[PDB]
>>> print(open('query-v1.pdb').read())   # PDB, C-alpha atoms and all ligand atoms
MODEL        1
ATOM      1  CA  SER A   1      77.607-247.744  68.186
ATOM      2  CA  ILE A   2      74.203-248.928  66.940
ATOM      3  CA  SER A   3      72.604-248.937  70.405
ATOM      4  CA  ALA A   4      74.130-245.571  71.340
ATOM      5  CA  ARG A   5      72.418-243.952  68.330
ATOM      6  CA  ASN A   6      68.968-244.395  69.865
ATOM      7  CA  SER A   7      66.490-242.144  71.723
ATOM      8  CA  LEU A   8      67.923-239.039  70.030
ATOM      9  CA  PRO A   9      66.671-237.393  66.816
ATOM     10  CA  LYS A  10      68.165-238.291  63.445
ATOM     11  CA  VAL A  11      70.408-235.250  63.158
ATOM     12  CA  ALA A  12      72.684-234.900  60.144
ATOM     13  CA  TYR A  13      75.802-233.874  62.074
ATOM     14  CA  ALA A  14      77.905-235.907  64.507
ATOM     15  CA  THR A  15      77.767-235.443  68.274
ATOM     16  CA  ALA A  16      80.669-235.686  70.724
ATOM     17  CA  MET A  17      79.682-239.242  71.651
ATOM     18  CA  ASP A  18      79.929-240.187  67.970
ATOM     19  CA  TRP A  19      83.487-238.829  67.944
ATOM     20  CA  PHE A  20      84.291-240.922  71.036
ATOM     21  CA  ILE A  21      82.764-243.957  69.296
ATOM     22  CA  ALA A  22      84.842-243.400  66.184
ATOM     23  CA  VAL A  23      88.078-243.142  68.211
ATOM     24  CA  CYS A  24      87.161-246.295  70.191
ATOM     25  CA  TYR A  25      86.281-248.179  66.948
ATOM     26  CA  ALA A  26      89.709-247.160  65.597
ATOM     27  CA  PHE A  27      91.550-248.287  68.763
ATOM     28  CA  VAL A  28      89.699-251.670  68.655
ATOM     29  CA  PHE A  29      90.601-252.083  64.931
ATOM     30  CA  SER A  30      94.188-250.844  64.991
ATOM     31  CA  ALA A  31      94.526-253.554  67.657
ATOM     32  CA  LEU A  32      93.012-256.110  65.264
ATOM     33  CA  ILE A  33      95.285-254.919  62.427
ATOM     34  CA  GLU A  34      98.252-255.209  64.825
ATOM     35  CA  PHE A  35      97.360-258.850  65.480
ATOM     36  CA  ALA A  36      96.962-259.383  61.718
ATOM     37  CA  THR A  37     100.478-257.999  61.187
ATOM     38  CA  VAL A  38     101.863-260.210  63.983
ATOM     39  CA  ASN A  39     100.214-263.268  62.409
ATOM     40  CA  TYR A  40     101.634-262.243  59.032
ATOM     41  CA  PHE A  41     105.103-262.120  60.602
ATOM     42  CA  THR A  42     104.676-265.264  62.774
ATOM     43  CA  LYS A  43     106.855-268.352  62.068
ATOM     44  CA  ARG A  44     106.548-271.809  63.735
ATOM     45  CA  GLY A  45     103.273-273.598  64.640
ATOM     46  CA  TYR A  46     104.427-274.602  68.130
ATOM     47  CA  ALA A  47     104.591-272.476  71.264
ATOM     48  CA  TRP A  48     106.964-272.664  74.218
ATOM     49  CA  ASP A  49     106.761-275.892  76.213
ATOM     50  CA  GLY A  50     108.582-274.349  79.188
ATOM     51  CA  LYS A  51     111.662-276.554  78.760
ATOM     52  CA  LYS A  52     114.434-276.966  68.579
ATOM     53  CA  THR A  53     114.107-273.296  67.621
ATOM     54  CA  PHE A  54     111.118-271.612  69.259
ATOM     55  CA  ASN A  55     109.132-268.472  68.564
ATOM     56  CA  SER A  56     110.069-265.114  70.064
ATOM     57  CA  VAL A  57     108.039-262.346  71.662
ATOM     58  CA  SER A  58     107.057-259.921  68.917
ATOM     59  CA  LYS A  59     108.442-256.386  68.926
ATOM     60  CA  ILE A  60     105.060-255.162  67.672
ATOM     61  CA  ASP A  61     103.493-256.751  70.758
ATOM     62  CA  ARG A  62     105.928-255.080  73.162
ATOM     63  CA  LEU A  63     105.463-251.666  71.543
ATOM     64  CA  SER A  64     101.662-251.937  71.482
ATOM     65  CA  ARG A  65     101.613-252.890  75.166
ATOM     66  CA  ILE A  66     102.843-249.344  75.838
ATOM     67  CA  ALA A  67     101.812-247.174  72.847
ATOM     68  CA  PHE A  68      98.165-248.284  72.638
ATOM     69  CA  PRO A  69      97.267-247.645  76.346
ATOM     70  CA  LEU A  70      99.083-244.285  76.451
ATOM     71  CA  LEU A  71      97.503-243.061  73.205
ATOM     72  CA  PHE A  72      94.101-243.902  74.669
ATOM     73  CA  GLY A  73      95.129-242.116  77.864
ATOM     74  CA  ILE A  74      96.193-239.041  75.886
ATOM     75  CA  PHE A  75      92.852-239.074  74.035
ATOM     76  CA  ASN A  76      90.868-239.187  77.291
ATOM     77  CA  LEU A  77      92.769-236.205  78.697
ATOM     78  CA  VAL A  78      92.077-234.297  75.477
ATOM     79  CA  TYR A  79      88.420-235.256  74.909
ATOM     80  CA  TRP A  80      87.130-234.955  78.472
ATOM     81  CA  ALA A  81      88.918-231.663  79.161
ATOM     82  CA  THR A  82      87.716-230.032  75.934
ATOM     83  CA  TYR A  83      83.982-230.773  76.307
ATOM     84  CA  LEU A  84      83.596-230.653  80.135
ATOM     85  CA  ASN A  85      85.004-227.072  79.936
ATOM     86  CA  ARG A  86      82.635-226.258  77.004
TER
ATOM     87  CA  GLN B   1      59.914-236.866  48.567
ATOM     88  CA  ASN B   2      56.888-234.886  47.383
ATOM     89  CA  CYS B   3      54.487-234.322  50.280
ATOM     90  CA  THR B   4      51.250-232.497  49.521
ATOM     91  CA  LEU B   5      48.435-230.717  51.329
ATOM     92  CA  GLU B   6      45.128-230.842  49.455
ATOM     93  CA  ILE B   7      42.922-227.869  50.332
ATOM     94  CA  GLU B   8      39.393-228.296  48.993
ATOM     95  CA  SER B   9      35.794-227.190  49.527
ATOM     96  CA  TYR B  10      33.356-229.936  50.472
ATOM     97  CA  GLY B  11      29.778-228.860  49.879
ATOM     98  CA  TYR B  12      30.019-225.954  47.439
ATOM     99  CA  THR B  13      30.930-226.510  43.791
ATOM    100  CA  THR B  14      32.659-224.092  41.427
ATOM    101  CA  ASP B  15      29.264-222.486  40.793
ATOM    102  CA  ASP B  16      29.068-221.570  44.496
ATOM    103  CA  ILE B  17      32.652-220.879  45.637
ATOM    104  CA  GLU B  18      36.021-219.988  44.124
ATOM    105  CA  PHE B  19      39.477-220.551  45.594
ATOM    106  CA  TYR B  20      42.693-218.669  44.889
ATOM    107  CA  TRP B  21      46.025-218.093  46.589
ATOM    108  CA  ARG B  22      46.149-214.532  47.931
ATOM    109  CA  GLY B  23      49.500-213.082  46.902
ATOM    110  CA  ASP B  24      50.613-215.600  44.186
ATOM    111  CA  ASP B  25      53.909-217.156  45.363
ATOM    112  CA  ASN B  26      53.931-214.684  48.275
ATOM    113  CA  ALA B  27      51.023-216.525  49.889
ATOM    114  CA  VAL B  28      52.848-219.269  51.813
ATOM    115  CA  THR B  29      55.507-217.805  54.093
ATOM    116  CA  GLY B  30      57.834-219.182  56.722
ATOM    117  CA  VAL B  31      58.807-222.283  54.722
ATOM    118  CA  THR B  32      62.499-221.351  54.445
ATOM    119  CA  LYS B  33      62.934-221.039  58.220
ATOM    120  CA  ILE B  34      61.563-224.542  58.892
ATOM    121  CA  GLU B  35      64.301-226.807  60.241
ATOM    122  CA  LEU B  36      63.876-230.565  60.040
ATOM    123  CA  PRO B  37      66.428-232.925  61.635
ATOM    124  CA  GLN B  38      66.745-235.389  58.738
ATOM    125  CA  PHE B  39      65.078-233.605  55.800
ATOM    126  CA  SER B  40      65.605-230.337  53.950
ATOM    127  CA  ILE B  41      62.836-228.515  52.070
ATOM    128  CA  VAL B  42      64.299-227.968  48.599
ATOM    129  CA  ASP B  43      61.272-226.329  46.981
ATOM    130  CA  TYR B  44      57.575-225.656  47.442
ATOM    131  CA  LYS B  45      54.954-225.121  44.751
ATOM    132  CA  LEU B  46      51.370-223.832  44.811
ATOM    133  CA  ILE B  47      48.747-225.171  42.393
ATOM    134  CA  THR B  48      45.233-223.890  41.668
ATOM    135  CA  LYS B  49      42.987-226.420  39.938
ATOM    136  CA  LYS B  50      39.533-227.990  39.867
ATOM    137  CA  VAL B  51      38.608-231.618  40.550
ATOM    138  CA  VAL B  52      35.500-233.322  39.171
ATOM    139  CA  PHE B  53      33.675-235.766  41.427
ATOM    140  CA  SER B  54      30.357-237.505  40.836
ATOM    141  CA  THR B  55      28.379-234.711  42.520
ATOM    142  CA  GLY B  56      30.027-231.828  40.656
ATOM    143  CA  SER B  57      33.255-229.917  40.110
ATOM    144  CA  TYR B  58      34.964-228.491  43.179
ATOM    145  CA  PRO B  59      37.817-225.970  43.472
ATOM    146  CA  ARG B  60      41.112-227.090  44.920
ATOM    147  CA  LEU B  61      44.319-225.413  46.048
ATOM    148  CA  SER B  62      47.219-227.847  46.318
ATOM    149  CA  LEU B  63      50.212-226.997  48.492
ATOM    150  CA  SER B  64      53.249-229.237  48.098
ATOM    151  CA  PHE B  65      56.844-229.541  49.289
ATOM    152  CA  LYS B  66      59.982-231.288  48.059
ATOM    153  CA  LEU B  67      61.739-232.907  51.009
ATOM    154  CA  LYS B  68      65.270-234.208  50.430
ATOM    155  CA  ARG B  69      66.704-236.604  53.006
ATOM    156  CA  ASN B  70      70.038-235.930  54.679
ATOM    157  CA  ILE B  71      72.629-238.637  54.192
ATOM    158  CA  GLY B  72      75.183-238.249  57.011
ATOM    159  CA  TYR B  73      73.087-239.868  59.740
ATOM    160  CA  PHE B  74      72.708-242.977  57.589
ATOM    161  CA  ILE B  75      76.432-242.882  56.816
ATOM    162  CA  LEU B  76      77.107-242.736  60.557
ATOM    163  CA  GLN B  77      74.641-245.512  61.407
ATOM    164  CA  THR B  78      74.173-248.000  58.547
ATOM    165  CA  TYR B  79      76.724-247.573  55.754
ATOM    166  CA  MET B  80      79.987-247.234  57.694
ATOM    167  CA  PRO B  81      79.467-250.157  60.160
ATOM    168  CA  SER B  82      78.671-252.365  57.154
ATOM    169  CA  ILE B  83      81.815-251.092  55.402
ATOM    170  CA  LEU B  84      83.956-251.768  58.488
ATOM    171  CA  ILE B  85      82.407-255.200  59.067
ATOM    172  CA  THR B  86      83.217-255.967  55.413
ATOM    173  CA  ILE B  87      86.837-254.784  55.862
ATOM    174  CA  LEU B  88      86.983-257.175  58.851
ATOM    175  CA  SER B  89      86.054-260.091  56.562
ATOM    176  CA  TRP B  90      89.223-259.721  54.481
ATOM    177  CA  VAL B  91      91.532-259.814  57.490
ATOM    178  CA  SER B  92      91.068-263.605  57.238
ATOM    179  CA  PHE B  93      93.080-263.760  53.999
ATOM    180  CA  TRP B  94      96.275-262.909  55.900
ATOM    181  CA  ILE B  95      95.848-265.635  58.543
ATOM    182  CA  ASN B  96      97.514-268.911  57.479
ATOM    183  CA  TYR B  97      95.409-271.553  55.743
TER
HETATM  184  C1  LIG C 101      99.187-251.163  63.602
HETATM  185  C2  LIG C 101     100.699-251.154  63.650
HETATM  186  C3  LIG C 101     101.336-251.909  62.495
HETATM  187  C4  LIG C 101     102.858-251.943  62.533
HETATM  188  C5  LIG C 101     103.475-252.840  61.473
HETATM  189  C6  LIG C 101     104.974-253.047  61.619
HETATM  190  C7  LIG C 101     105.484-254.221  60.794
HETATM  191  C8  LIG C 101     106.971-254.414  60.873
HETATM  192  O1  LIG C 101     107.786-253.549  60.691
HETATM  193  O2  LIG C 101     107.284-255.676  61.174
HETATM  194  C9  LIG C 101     108.692-256.000  61.249
HETATM  195  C10 LIG C 101     109.047-256.391  62.658
HETATM  196  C11 LIG C 101     108.487-257.737  63.034
HETATM  197  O3  LIG C 101     109.031-258.106  64.317
HETATM  198  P1  LIG C 101     108.461-259.363  65.117
HETATM  199  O4  LIG C 101     109.177-259.393  66.409
HETATM  200  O5  LIG C 101     106.982-259.295  65.120
HETATM  201  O6  LIG C 101     109.000-260.522  64.120
HETATM  202  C12 LIG C 101     110.340-261.035  64.268
HETATM  203  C13 LIG C 101     111.213-260.431  63.176
HETATM  204  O7  LIG C 101     110.654-260.698  61.895
HETATM  205  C14 LIG C 101     112.630-260.988  63.258
HETATM  206  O8  LIG C 101     113.423-260.456  62.203
HETATM  207  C15 LIG C 101     112.604-262.508  63.176
HETATM  208  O9  LIG C 101     113.946-263.005  63.352
HETATM  209  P2  LIG C 101     114.857-263.441  62.080
HETATM  210  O10 LIG C 101     115.398-262.152  61.498
HETATM  211  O11 LIG C 101     113.919-264.161  61.133
HETATM  212  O12 LIG C 101     115.939-264.338  62.638
HETATM  213  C16 LIG C 101     111.714-263.101  64.254
HETATM  214  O13 LIG C 101     111.670-264.532  64.082
HETATM  215  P3  LIG C 101     112.107-265.570  65.255
HETATM  216  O14 LIG C 101     113.452-265.090  65.752
HETATM  217  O15 LIG C 101     111.021-265.479  66.306
HETATM  218  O16 LIG C 101     112.172-266.932  64.595
HETATM  219  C17 LIG C 101     110.295-262.556  64.165
HETATM  220  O17 LIG C 101     109.505-263.098  65.218
HETATM  221  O18 LIG C 101     108.467-255.398  63.558
HETATM  222  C18 LIG C 101     109.292-254.483  64.087
HETATM  223  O19 LIG C 101     110.470-254.431  63.855
HETATM  224  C19 LIG C 101     108.550-253.545  64.995
HETATM  225  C20 LIG C 101     107.667-252.561  64.240
HETATM  226  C21 LIG C 101     106.808-251.708  65.157
HETATM  227  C22 LIG C 101     105.930-250.713  64.419
HETATM  228  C23 LIG C 101     104.984-249.935  65.318
HETATM  229  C24 LIG C 101     103.953-250.795  66.028
HETATM  230  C25 LIG C 101     102.991-249.989  66.872
HETATM  231  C1  LIG C 102      55.118-232.383  43.709
HETATM  232  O1  LIG C 102      54.038-233.101  43.083
HETATM  233  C2  LIG C 102      52.998-232.269  42.546
HETATM  234  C3  LIG C 102      51.934-233.200  42.013
HETATM  235  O2  LIG C 102      52.509-234.307  41.333
HETATM  236  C4  LIG C 102      53.565-231.336  41.478
HETATM  237  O3  LIG C 102      52.517-230.470  41.061
HETATM  238  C5  LIG C 102      52.462-230.366  39.629
HETATM  239  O4  LIG C 102      53.228-229.246  39.198
HETATM  240  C6  LIG C 102      53.260-229.060  37.776
HETATM  241  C7  LIG C 102      54.219-227.922  37.516
HETATM  242  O5  LIG C 102      53.692-226.686  37.977
HETATM  243  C8  LIG C 102      51.843-228.798  37.268
HETATM  244  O6  LIG C 102      51.855-228.691  35.849
HETATM  245  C9  LIG C 102      51.249-227.445  35.430
HETATM  246  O7  LIG C 102      49.832-227.551  35.317
HETATM  247  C10 LIG C 102      49.177-226.307  34.980
HETATM  248  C11 LIG C 102      47.680-226.526  35.040
HETATM  249  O8  LIG C 102      47.047-225.451  34.362
HETATM  250  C12 LIG C 102      49.661-225.851  33.585
HETATM  251  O9  LIG C 102      49.104-224.584  33.286
HETATM  252  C13 LIG C 102      51.208-225.767  33.552
HETATM  253  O10 LIG C 102      51.653-225.445  32.238
HETATM  254  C14 LIG C 102      51.872-227.050  34.070
HETATM  255  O11 LIG C 102      51.634-228.057  33.100
HETATM  256  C15 LIG C 102      50.922-229.938  37.684
HETATM  257  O12 LIG C 102      49.580-229.623  37.333
HETATM  258  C16 LIG C 102      51.005-230.196  39.191
HETATM  259  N1  LIG C 102      50.224-231.370  39.551
HETATM  260  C17 LIG C 102      48.925-231.320  39.858
HETATM  261  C18 LIG C 102      48.283-232.628  40.207
HETATM  262  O13 LIG C 102      48.295-230.270  39.847
HETATM  263  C19 LIG C 102      54.725-230.526  42.047
HETATM  264  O14 LIG C 102      55.350-229.748  41.033
HETATM  265  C20 LIG C 102      55.772-231.448  42.683
HETATM  266  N2  LIG C 102      56.904-230.692  43.214
HETATM  267  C21 LIG C 102      56.884-229.787  44.208
HETATM  268  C22 LIG C 102      58.202-229.157  44.527
HETATM  269  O15 LIG C 102      55.866-229.490  44.827
ENDMDL
END
>>> encode(input="query-v1.pdb", output="structure tokens", more="lines below")
Ligand SMILES: CCCCCCCC(=O)OC[C@H](COP(=O)(O)O[C@@H]1[C@H](O)[C@H](O)[C@@H](OP(=O)(O)O)[C@H](OP(=O)(O)O)[C@H]1O)OC(=O)CCCCCCC
Ligand SMILES: *[C@@H]1O[C@H](CO)[C@@H](O[C@@H]2O[C@H](CO)[C@@H](O[C@@H]3O[C@H](CO)[C@@H](O)[C@H](O)[C@@H]3O)[C@H](O)[C@H]2NC(C)=O)[C@H](O)[C@H]1NC(C)=O
Amino acid sequence: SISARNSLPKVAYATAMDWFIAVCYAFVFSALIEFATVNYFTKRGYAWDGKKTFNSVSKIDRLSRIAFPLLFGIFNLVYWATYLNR
Amino acid sequence: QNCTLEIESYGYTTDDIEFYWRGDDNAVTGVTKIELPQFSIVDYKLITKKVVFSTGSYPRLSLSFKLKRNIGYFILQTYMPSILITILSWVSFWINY
């Protein structure tokens, strides 16, 4: 985001690339907040040994394996179709 | 900011030349249609005065602007990444000790 705001004049408004950068910042944070929630809801300090009560695969992990890539895919079909046409 | 242009006569004193704005405030035109990318001209003011140097007293017309800086570029570049990188620092309170 810092390096992309170079070699262009210091305009007051926000360009389309700045909107793409905000959405990507959000998708990289919501992912970080999702891991923070998983670590808040974690339990034991030992993982699976492959062979006691062990930890389970998080439901927030299994939902974000699908919801996060599709919501980025929906954004790309919206953003690139709107500005390439304009 | 307050940026000035200092119009003055070099060799002729006030006994040899006299300066005035022709048209009072309707002497500097086209200021309102100037577009700057990061500034905005709030006001402009025209001053007629005399300055006294060692060799005599010389007439002077002073043209000046009042540039105000736009904020949203600095919000987009400096303030909001620092805010987000500060929000990132308090994620560490939720991770176990
Ligand atoms: C940025 C998104 C933030 C969402 C925050 C959402 C926060 C929220 O609601 O968390 C609750 C729950 C946590 O589930 P998760 O699987 O992570 O945690 C399990 C859950 O707490 C079980 O109840 C536990 O079993 P038990 O009862 O102790 O026996 C189990 O312990 P163990 O059996 O392993 O020992 C835990 O591992 O998540 C959802 O239901 C999915 C929400 C999906 C929401 C949408 C996500 C995209
Ligand atoms: C930007 O800065 C300049 C210089 O600091 C400002 O010019 C100053 O403007 C004031 C207000 O007009 C002047 O005061 C006036 O002086 C006359 C002199 O006869 C007097 O009759 C008035 O009653 C009043 O006191 C001041 O002289 C002038 N400065 C100089 C050095 O001449 C200017 O206002 C600032 N702002 C803008 C938007 O330009």
>>> axis_aligned_box(input="query-v1.pdb", around="ligand LIG 102 (chain C)", padding_each_side="8 Å", output="JSON")
{"center_x": 52.6, "center_y": -229.4, "center_z": 38.5, "size_x": 27.2, "size_y": 25.7, "size_z": 28.6}
>>> residues_near_ligand(input="query-v1.pdb", ligand="ligand LIG 102 (chain C)", cutoff="10 Å", atoms="all atoms listed in the file", output="ChimeraX atom specification")
/B:1-6,41-51,60-67
>>> write_last_selection(input="query-v1.pdb", atoms="C-alpha atoms", output="compact mmCIF listing (two decimals), in the frame of the given file")
# COMPACT_ATOMS: atom_id res chain seq x y z
CA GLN B 1 59.91 -236.87 48.57
CA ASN B 2 56.89 -234.89 47.38
CA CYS B 3 54.49 -234.32 50.28
CA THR B 4 51.25 -232.50 49.52
CA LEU B 5 48.44 -230.72 51.33
CA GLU B 6 45.13 -230.84 49.46
CA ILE B 41 62.84 -228.52 52.07
CA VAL B 42 64.30 -227.97 48.60
CA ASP B 43 61.27 -226.33 46.98
CA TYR B 44 57.58 -225.66 47.44
CA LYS B 45 54.95 -225.12 44.75
CA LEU B 46 51.37 -223.83 44.81
CA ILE B 47 48.75 -225.17 42.39
CA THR B 48 45.23 -223.89 41.67
CA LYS B 49 42.99 -226.42 39.94
CA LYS B 50 39.53 -227.99 39.87
CA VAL B 51 38.61 -231.62 40.55
CA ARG B 60 41.11 -227.09 44.92
CA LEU B 61 44.32 -225.41 46.05
CA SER B 62 47.22 -227.85 46.32
CA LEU B 63 50.21 -227.00 48.49
CA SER B 64 53.25 -229.24 48.10
CA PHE B 65 56.84 -229.54 49.29
CA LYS B 66 59.98 -231.29 48.06
CA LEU B 67 61.74 -232.91 51.01
>>> residues_near_ligand(input="query-v1.pdb", ligand="ligand LIG 101 (chain C)", cutoff="7 Å", atoms="all atoms listed in the file", output="compact mmCIF listing (two decimals) with C-alpha atoms, in the frame of the given file")
# COMPACT_ATOMS: atom_id res chain seq x y z
CA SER A 30 94.19 -250.84 64.99
CA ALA A 31 94.53 -253.55 67.66
CA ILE A 33 95.28 -254.92 62.43
CA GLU A 34 98.25 -255.21 64.82
CA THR A 37 100.48 -258.00 61.19
CA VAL A 38 101.86 -260.21 63.98
CA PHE A 41 105.10 -262.12 60.60
CA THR A 42 104.68 -265.26 62.77
CA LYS A 43 106.86 -268.35 62.07
CA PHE A 54 111.12 -271.61 69.26
CA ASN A 55 109.13 -268.47 68.56
CA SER A 56 110.07 -265.11 70.06
CA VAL A 57 108.04 -262.35 71.66
CA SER A 58 107.06 -259.92 68.92
CA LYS A 59 108.44 -256.39 68.93
CA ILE A 60 105.06 -255.16 67.67
CA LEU A 63 105.46 -251.67 71.54
CA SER A 64 101.66 -251.94 71.48
CA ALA A 67 101.81 -247.17 72.85
>>> resolve_selection(input="query-v1.pdb", expression="the ChimeraX specification (/B :<6) & /A", output="ChimeraX atom specification")
/A:10-12
>>> residues_around(input="query-v1.pdb", residues="residue 16 of chain B", least_positions_apart="3", cutoff="10 Å", atoms="all atoms listed in the file", output="list in words")
residues 11, 12, 13, 58 and 59 of chain B
>>> closest_residue(input="query-v1.pdb", among="A:27, A:16, A:45, A:85", to="residue 69 of chain A", atoms="only C-alpha atoms")
A:27
>>> resolve_selection(input="query-v1.pdb", expression="the PyMOL selection byres (((chain A and resi 83) around 12) and not hetatm)", output="ChimeraX atom specification")
/A:15-17,19-20,76-82,84-86
>>> atom_distance(input="query-v1.pdb", atom1="atom CA of residue 40 of chain B", atom2="atom CA of residue 68 of chain B")
5.2 Å
